[PDB]
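# Structural features, examined
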Amino acid sequence: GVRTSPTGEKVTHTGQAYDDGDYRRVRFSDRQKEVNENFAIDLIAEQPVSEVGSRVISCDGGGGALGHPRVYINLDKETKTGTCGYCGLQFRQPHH
Amino acid sequence: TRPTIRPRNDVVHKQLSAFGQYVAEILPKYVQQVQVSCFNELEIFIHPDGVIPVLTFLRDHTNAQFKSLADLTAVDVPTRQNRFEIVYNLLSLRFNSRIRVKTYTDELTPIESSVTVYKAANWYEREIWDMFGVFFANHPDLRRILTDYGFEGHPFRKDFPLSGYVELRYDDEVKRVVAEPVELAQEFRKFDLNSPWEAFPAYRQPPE
Amino acid sequence: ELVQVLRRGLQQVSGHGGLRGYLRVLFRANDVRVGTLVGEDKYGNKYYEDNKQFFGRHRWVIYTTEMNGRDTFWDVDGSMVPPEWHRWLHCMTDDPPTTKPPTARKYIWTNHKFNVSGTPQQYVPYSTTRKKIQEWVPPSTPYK
Amino acid sequence: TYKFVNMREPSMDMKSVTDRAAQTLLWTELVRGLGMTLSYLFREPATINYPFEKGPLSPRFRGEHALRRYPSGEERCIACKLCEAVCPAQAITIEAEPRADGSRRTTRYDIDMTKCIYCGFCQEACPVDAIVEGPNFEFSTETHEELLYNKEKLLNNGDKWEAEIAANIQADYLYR
Amino acid sequence: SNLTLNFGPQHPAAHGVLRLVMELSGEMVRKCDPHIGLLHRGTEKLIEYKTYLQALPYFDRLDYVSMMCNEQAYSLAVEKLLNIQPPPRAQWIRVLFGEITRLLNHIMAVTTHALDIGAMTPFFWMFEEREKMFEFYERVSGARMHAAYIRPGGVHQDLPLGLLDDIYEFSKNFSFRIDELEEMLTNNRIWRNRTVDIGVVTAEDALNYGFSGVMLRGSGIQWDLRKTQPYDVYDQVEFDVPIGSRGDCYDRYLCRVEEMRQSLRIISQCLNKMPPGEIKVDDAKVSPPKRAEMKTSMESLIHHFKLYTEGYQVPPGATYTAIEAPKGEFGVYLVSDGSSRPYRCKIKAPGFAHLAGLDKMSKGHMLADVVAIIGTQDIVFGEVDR
Amino acid sequence: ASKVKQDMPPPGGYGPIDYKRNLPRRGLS
Amino acid sequence: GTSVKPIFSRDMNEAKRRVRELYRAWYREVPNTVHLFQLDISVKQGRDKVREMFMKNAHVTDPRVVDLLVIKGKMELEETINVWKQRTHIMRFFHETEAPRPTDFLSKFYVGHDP
Amino acid sequence: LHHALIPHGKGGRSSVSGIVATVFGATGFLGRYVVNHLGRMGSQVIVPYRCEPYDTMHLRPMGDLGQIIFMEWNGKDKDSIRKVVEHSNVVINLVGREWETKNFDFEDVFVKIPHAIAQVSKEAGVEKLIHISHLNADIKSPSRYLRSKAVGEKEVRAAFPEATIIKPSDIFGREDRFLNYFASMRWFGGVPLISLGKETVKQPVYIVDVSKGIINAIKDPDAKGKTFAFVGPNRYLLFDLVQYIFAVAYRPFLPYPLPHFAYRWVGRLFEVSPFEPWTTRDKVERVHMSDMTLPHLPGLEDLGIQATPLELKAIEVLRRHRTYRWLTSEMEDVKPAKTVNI
Amino acid sequence: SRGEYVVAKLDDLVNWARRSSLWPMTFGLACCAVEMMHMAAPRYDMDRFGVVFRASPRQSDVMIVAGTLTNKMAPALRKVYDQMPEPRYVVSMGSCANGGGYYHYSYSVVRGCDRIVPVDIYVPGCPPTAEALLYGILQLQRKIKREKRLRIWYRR
Ligand SMILES: CCCCCCCCCCCCCCCCC[C@@H](O)O[C@H](CO[C@H](O)CCCCCCCCCCCCCCC)COP(=O)(O)OCC[N+](C)(C)C
Ligand SMILES: NC(=O)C1=CN([C@@H]2O[C@H](COP(=O)(O)OP(=O)(O)OC[C@H]3O[C@@H](n4cnc5c(N)ncnc54)[C@H](OP(=O)(O)O)[C@@H]3O)[C@@H](O)[C@H]2O)C=CC1
Ligand SMILES: COC1=C(OC)C(=O)C(CC=C(C)C)=C(C)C1=O
Ligand SMILES: COC1=C(OC)C(=O)C(CC=C(C)C)=C(C)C1=O
Ligand code: SF4
Ligand code: SF4
Ligand code: SF4
Ligand SMILES: [Zn+2]
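Residues numbered from 1 in each chain as written, not as in the entry; some residues may be left out. Chains lettered and ligands numbered in written order. Part of a larger assembly, values for the part shown. Heavy atoms only, no water. Residues with missing side-chain atoms left out of burial classes, pairs and counts.

Looking up chain E in the PDB entry gives the name NADH dehydrogenase [ubiquinone] iron-sulfur protein 2, mitochondrial, with the organism given as Sus scrofa. The title attached to this entry in the PDB is "Matrix arm of active state CI from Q1-NADH dataset". What UniProt records for chain E under Subunit (unreviewed entry) is the sentence "Core subunit of respiratory chain NADH dehydrogenase (Complex I) which is composed of 45 different subunits. Component of the iron-sulfur (IP) fragment of the enzyme. Interacts with NDUFAF3. Interacts with NDUFAF7. Interacts with CERS2." (UniProt positions renumbered as here; feature names shortened; annotations may be inferred.)

Per the PDB entry, chain B goes by NADH dehydrogenase [ubiquinone] iron-sulfur protein 3, mitochondrial and derives from Sus scrofa. Per UniProt, the comment on chain B under Subcellular location (unreviewed entry) is "Mitochondrion".

Okay, here's the thing in structure tokens:
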């Protein structure tokens, strides 16, 4: 989700962009500013929420030993989804 | 206790203790202490004045015959009144043994050169002079060995900064290499690593 | 057995498509060996193997003459190989990507880029953090 | 147990004396050396045809660094700073803050490749396989500044080389 | 007056960065004054600013012709201070790669010695074998020379499934390469003229000057640290120690060739007797746990975190640990104050004492003789300057 | 939970490896 | 008594004698240094620089410190005589590329925070 | 003052000086010294170059990482100047040529290019402009080179009213065309001098003084629209100066008088070279013309610089011109020449 | 124009002659020189590209800074660089020469050889493999293929 700035400079996913008065912009003349186009926040927001039939679920990021340390997530709050602290995947219990 | 723990040898411990007692008995004028570490290393702590006699004894004694000087270096402990610790490592090929001899000095007290006993000492003392500033008397040719020509200070002292005081570059106005005060684009980042919980109870110090 | 060597050379000449292709590969790669085609890039690189050659010469690549924007008839470099064929060519695996394709991901580049140093596209470093200290803005209205 | 290398005595009979005289006056051992060089002349050379042919490597090879993602596209790095703590050259600089969605992510991840020793300690320390040493070794530059990598460059490297990095990790992770 | 000449640092025969100030009468060498420190990087202070794991890669770059041997010496010192024991498979791997490293070092020494004397071909013949051993290094660690593979817990990783077969394939053929080099050099009258009775040193002078390794064995001294003070599993292998009788360059060259043959012998024994089991000590307060355990169990994650951030603490004490490195006795005087960072780490390099004796060895010789004597001492200045 | 698989020497052992010097005479009188 | 042992000198008189000998040697050597290193400075400049270095440590009142300073000066003279030093090493005494820094309070206040 | 441009550090290589300077003509004699002085204290330097990049390499070690940026430019293209001055707060113009090429003459390099630089810098918002002219610039000067200098300084003042104009006189240094030019005349055996050089007075100035003066003018808030004259501390008759130059080089001095028209003919003959001419008719005229005295203009001393005399810096230039026999001679041996001062 | 074509062809000829005959100085500092020697070894055989070591700086075209540069060593490296006839090129090999590397914070180490001499190509690695150094050499050859000396001279 790359947007442009008033000077035309591309904005990074961390939100960095030189101001108009900033002289450091001169380093991009006759060259380019390296920006990664795959914003992880939007990509993780695109993932669907899993529904499970237990109060506690377990997440390891997928791939077993190729994922992250395995953690357990509580799903007692009905008006909220449980989020993995490593992966960002979301889990919930069936409602309504 | 078996698989992961290093085994200990008690025969060598006993032999090294007996030889330490032997050396201490023969030279009571200079020997201040004798220790045997629990991984079977023998050290002898002596007064500085006995650097030449003790070493000579260890080199030429029939029962000692430590005829090889493996290493000679210094250790800097600022909290001591005598800052510098001088360490000789000796090897006896006849008896297949090793011994360590230790003494001390400060910034203004010379230590007698041991080049007459071991030729190998010649460069080692030079290094000690270059890195710590300890002067050796009667050295045949004492000067810097490791540092740049005209270098000021002794970098291996604890109070010497890691990056030093000066840095070099090429200047086109004078068409030569010049030295300037150090400036670092990224400062070295000091890490505070020690745990606030004691690790080894066997080394606990009295609370004074 | 000299005639066998000479006929081997003639077959090498004829196996590059005639004199024109033989000279083209002789002047582009300084080598005229004929191998078995393993695969072809989407960029145009061709990959050959000959298991009778000793280790190191048993696999090779004939580079394309036109990568993303530059003419590579003479100017070729090892950074033109895409990662899957890179893994095959450096003998980090035995299975070519044709028979053992890599896992597909939506974020993997669909177009390999070679080394871009010395060009406008080259990477320029910069700080990725925002401003730390915020300055006071004086009021725009007179004070008396 | 020991052996001697230079403790033999030549024979003093007329036969051996004349053989040694012939060796002295007719240059026999020099001719043997010439024969050895002539033998090497007719062997196939060991030279490969770089860059059309490449040197052999293994999946464990440590090369250009990269930052990786989960299959969903979310970054693996959670800014624990273990790689920064363990790096023997102090080549890694990390700044982090809570993201807009509350995630623990970096705002700065810099590697000075002119400080780095390519020891791979960062990838051993990492608990989520976020930072890796890739297989690429052909990335020479024309300026010093191009070798000071920021987070955008490392993420681009990950997206560029993941197809090979994942296969390389698949071949070795059971040894780790 | 005598003519004063700068031999190096920018000289093909200076073995890197060395400023040999020579006083010459004609081409007779009246005095040699080696000036070093052109590669002094201040390694020991830097080590004082690192944890024990962080300091290990410095030993790769001390003697950059014998990397895993320096790793082994430093690991043995840290193990002694830690009162822990590597597992048997790790020790066998250590000895195998130490012998491979000795092969690499001896190839480099002999071939560059011949190159300096004027024979260039054996360098080219043997550096292909060096490249194959570099491939072994890379397959085990991912790096061709600076492996960082041997660590105070054992080794970083276990062998890949096909490595022993390739090592055996290389070893069954290396002896013919040794034979070809010998055919080029050993009986050549020009080589003997350039080597025999050059740089003679007596046994007593060698002992008093602090020499070690081949520089002793060429003079008839029957000493070898692998036989008198074995460290890992060297008491379980059979090999002979080559001994010279003249104390000159030629005898030391013969000793190095014979040591290469003995290294092939030891490598064969190590290949046949490799045992199964783990490759680092099963003690997670020293050696990091496996990745699968670190991502599964709480204690494993805690110990991984602490070992990679703070590092393991070493009980206070000082050790001098020495090994028979390919260039001679390589030693470490390591002092621990109880924390995770060493208080002092003095490195003992055999090349230091060997180069300090260059002036003694060059008396009554010429310039080319001094070049040969430089080659015969097997000097790398990374370890000399530190 | 299969059998442990590790890099090991083959059953029995490897073939013998030559290490001694081999310089044939190879000459006339 | 304080029970301290000497290096060379017994008191300050012998130390001053050694200082004078070292100064004589450096003063004699300066013109040869100007000739051999092909320096663009004059002999008077070199002798003034020599004088300046000695004056810096003039305040020291301990004979052991003076002895060590004389040893270091002799080492430096030996480095210079044998041309172990290069031109850059000799010219480092003159700080030719270092911009001058004002000692006044106002100048320091203007430039930065350092005292 | 735009926080990113607030000075920081100690004034060394890794410091921030707060200066963003675009230096036109930075690949010449004065350019290397100016760039080195800017990079010593940690300024961001922008180098517009038209030459082969191989000829800019010697300027690369003069700055910390990222502090020297190289960009192509065309003297006849306004957009190149715009591109290379868009971000600078200081623009320095050191563009000039001693001879006329088939593509650029004196009017192109001393009037049109400086005027374009001044106009584009004023439009871009650059606040400080330094323009280098000549001390002898005159609208009625016989030399083509001097007349264009005067016209160009007028046009620069018109385009950028707050510009600082600096007029030096015959800069000498290691890469100069003043001491080297006279030393190289030994190859013809004798030195031809118009009127034996007895009616020409010179006041040469050291290169480092000029560079330091440019730096101090950049850092001086009072020097906005001022015109300075950078001259050395002594004035010499041309004969005496050339005699001293030949004495420092230990070469035999054989001066002979040449008529003005004959020297003009020699300049014509040498002008035909497609490469850098050994001399030109304009060059001959400039050499024989006396340096002006402009006491009403401020000088180097007004910028805190004590002018370096030629007697302390001639050896560093002329030692290269000695034979092996005289290479080691010290600087205080060659009996400094006489000065016509007051 | 005829002059443009002639100078362009002469530029191509001179550039080809220069890049086909690259003679590096016999000069090494530390660990990286071992990989340089392996690049000279038969597997890579740099001599087949026209790259031949020569000891004298007067007969060298390229300087490869292969290893750590100390403060004691910097004047000698600058001196042997200055004694190379022009055109000359510098290749920086390894982290130590690039920016200091493992010893960046040492009191006795120059933080990158580009503080002493101008650098054309930076080769990353500790050490770079022989293949990586060969890649850097070929990149320098391509850079030499791109220069326009006679065309720029004609443009003057
Ligand atoms: C008369 C005596 C004095 C003059 C002597 C002159 C000698 C004669 C000229 C010799 C010409 C031979 C050069 C042509 C060979 C080039 C081969 C080709 O490959 O070059 C390509 C393009 O070549 C150049 O662009 C042009 C070369 C020649 C330019 C025009 C020819 C001018 C000749 C005029 C001669 C007159 C001399 C002056 C007389 C006074 C670029 O490819 P390259 O990078 O290499 O290889 C890449 C490596 N790979 C293939 C393994 C991947
Ligand atoms: N040296 C002296 O005696 C004193 C100098 N003068 C003035 O001082 C200034 C600099 O002097 P100096 O360093 O000796 O001159 P130089 O010859 O050394 O260099 C002048 C600069 O101007 C550039 N340049 C010249 N012509 C053009 C052009 N047509 N287009 C683009 N750039 C061009 C050159 O670049 P390139 O290399 O590409 O040609 C070069 O970088 C000049 O303005 C000069 O007039 C003031 C009093 C005398
Ligand atoms: C045969 O050509 C070569 C040399 O010239 C004799 C070298 O010096 C070197 C450098 C090695 C020595 C010890 C200086 C190499 C690698 C080489 O290949
Ligand atoms: C292994 O010992 C070494 C040498 O001897 C073979 C060298 O020649 C050199 C450098 C000289 C050549 C040109 C590589 C180095 C750095 C070195 O370490
Ligand atoms: S490879 Fe080693 S030196 Fe490089 S960033 Fe990782 S931990 Fe640091
Ligand atoms: S890359 Fe890995 S180790 Fe480094 S901060 Fe990110 S998650 Fe932690
Ligand atoms: S970069 Fe690495 S391999 Fe190269 S010299 Fe430095 S420490 Fe050694
Ligand atoms: Zn998860």
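## Points about the site of ligand 7
Taken together, the residues surrounding ligand 7 are E:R61, E:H146, I:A30, I:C31, I:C32, I:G67, I:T68, I:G94, I:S95, I:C96, I:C126 and I:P127. Those residues lying near ligand 7 are distributed over chains E and I. Residue composition of the shell around ligand 7, by class: 6 nonpolar, 5 polar and 1 charged. (Near = heavy atom within 4 Å. Nonpolar A, V, L, I, M, F, W, Y, C, P; charged D, E, K, R; others polar.)

## Re the arrangement of the chains
Between all 23 pairs of chains that are in contact, chains B and E come out with the most contacts. At no point do chain A and chain I touch; the closest pair of C-alpha atoms across them sits 18 Å apart. (Contact = heavy atoms within 4.5 Å.)

## Some remarks on the site of ligand 1
Surrounding ligand 1, one finds C:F27, C:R28, C:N30, C:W74, C:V76, I:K9, I:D12, I:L13, I:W16, I:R19 and I:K145. Taking I:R19, its side chain carries an N or O atom lying 2.4 Å from an oxygen atom of ligand 1. Contact with the protein chains hides 42% of the accessible area of ligand 1, taken as 1,200 Å² for the molecule alone. The leading source of residues in the shell around ligand 1 is helix α1 (residues 2-20) of chain I, at 5 residues. Among the residues making up the shell around ligand 1, the classes are represented as 5 nonpolar, 1 polar and 5 charged. (Polar contact = N/O pair within 3.5 Å; in protein donor to acceptor, adjacent residues only side chain to side chain. Areas by Shrake-Rupley, 256 points an atom, 1.4 Å probe, with all protein chains shown as cover. Helix = DSSP H or I, 4+ residues; strand = E, 2+ residues; numbered from the N terminus.)

## Focus: the packing of helix α3 (residues 67-82) of chain E against helix α4 (residues 88-117) of chain E
Residues and elements named next belong to chain E. The geometry of α3 relative to α4 is characterised by a closest axis approach of 8 Å and an angle of 145 degrees between their N-to-C directions. Between α3 and α4, the contacting residues are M67, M68, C69, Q72, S75, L76 and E79 on the first element and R94, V95, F97, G98 and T101 on the second. Across the contact of α3 with α4, the residue classes tally to 6 nonpolar, 4 polar and 2 charged. (Axes fitted to C-alpha atoms, helices over the stretch in contact; angles between N-to-C directions.)

## Description of empty space enclosed by the protein
Picture a little ball the size of a water molecule; that probe, rolled over the atoms, points out where space is still empty. By volume, the largest cavity is sized at about 210 Å³. Together, 19 residues line the largest cavity, and D:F61, D:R62, I:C126, I:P127 and I:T129 are the ones closest to its centre. Each pocket or cavity is described by its volume, and for the second largest cavity that value is around 180 Å³. Lining of the second largest cavity is provided by 15 residues; of these, E:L53, E:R151, E:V286, E:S287 and E:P288 occupy positions nearest its centre. The set of elements that each furnish at least two residues to the lining of the second largest cavity consists of β5 (154-155) and α13 (298-309) of chain E. Residues that form the lining of the second largest cavity fall into these classes: 8 nonpolar, 5 polar and 2 charged. (1 Å grid on protein atoms, 1.4 Å probe; cavity = no way out; pocket = protein on both sides within 12 Å on 5 of 7 lines; lining within 4 Å. Points joined across faces, edges and corners; volume = space filled by probe spheres on them.)

## Overview of the side chain of H:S80
Residue and element names in this part refer to chain H. Structurally, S80 can be placed in helix α2 (residues 78-85). The class for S80 is buried, based on a relative accessible area of 11%. Of the polar contacts made by the side chain of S80, one reaches the side chain of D77; its length is 3.5 Å. Ignoring sequence-local partners within four residues, the contact set of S80 consists of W73 and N74. (Buried < 20%, exposed > 50% of the residue type's maximum accessible area, 1.4 Å probe, protein only.)

## A word on the coordination of the zinc ion (ligand 8)
All names here are of chain A. Around the zinc ion (ligand 8), the donor atoms from the protein are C59 (SG), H68 (NE2) and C84 (SG), and they sit 2.3 Å away. Expressed as a motif, the donor residue spacing for the zinc ion (ligand 8) is C-x8-H-x15-C. Taken as a pair, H68 in the loop between β2 (56-59) and β3 (71-74) and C84 in the loop between β4 (82-83) and β5 (90-92) lie far apart in primary sequence, 16 residues in all. Taking the relative accessible area as the measure of exposure, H68 reaches 1% and is therefore buried. (Donors = N, O, S within 2.8 Å, 3.2 Å for Na, K, Ca; no water.)

## Thoughts on the sheet that holds strand β2 (residues 42-46) of chain B
In any sheet, the strands associate via hydrogen bonds between backbone groups, in a parallel or an antiparallel arrangement. Residue and element names in this part refer to chain B. Spatially, the 5 strands line up as an open sheet ordered β1-β2-β5-β4-β3, and their pairing is mixed. Of all the strands in the sheet, just β1 (31-36) and β3 (68-76) have a single pairing partner and so form its edges. Looking at each pair of strands side by side, their axes are set apart by 20 degrees on average, direction ignored. Of the strands in this sheet, β1, β2 and β5 (97-105) are in contact with helix α1 (residues 10-26), which crosses β1 at around 175 degrees. This element, helix α3 (residues 121-132), spans β3 and β4 (84-92) of the sheet and lies at about 10 degrees to β3. (Pairing = 2+ DSSP bridges.)

## A few points about the interface of chain C and chain I
The parts lose accessible area when they come together, and the size of an interface is often stated as this lost area. On the chain I side, the residues contacting the 9 residues of chain C number 5 residues. Between chain C and chain I, the buried area comes to about 540 Å², and carbon and sulfur atoms account for 36% of it. Notably, a salt bridge pairs I:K145 with C:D75, separated by 2.6 Å at the nearest N-O pair. Between chain C and chain I we count 2 residue pairs in polar contact in total. Classifying every residue of the side of chain C that touches chain I by side-chain character gives 2 nonpolar, 5 polar and 2 charged. (Buried area = accessible area lost by both parts, 1.4 Å probe. Salt bridge = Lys/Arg side-chain N within 4 Å of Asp/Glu carboxyl O.)

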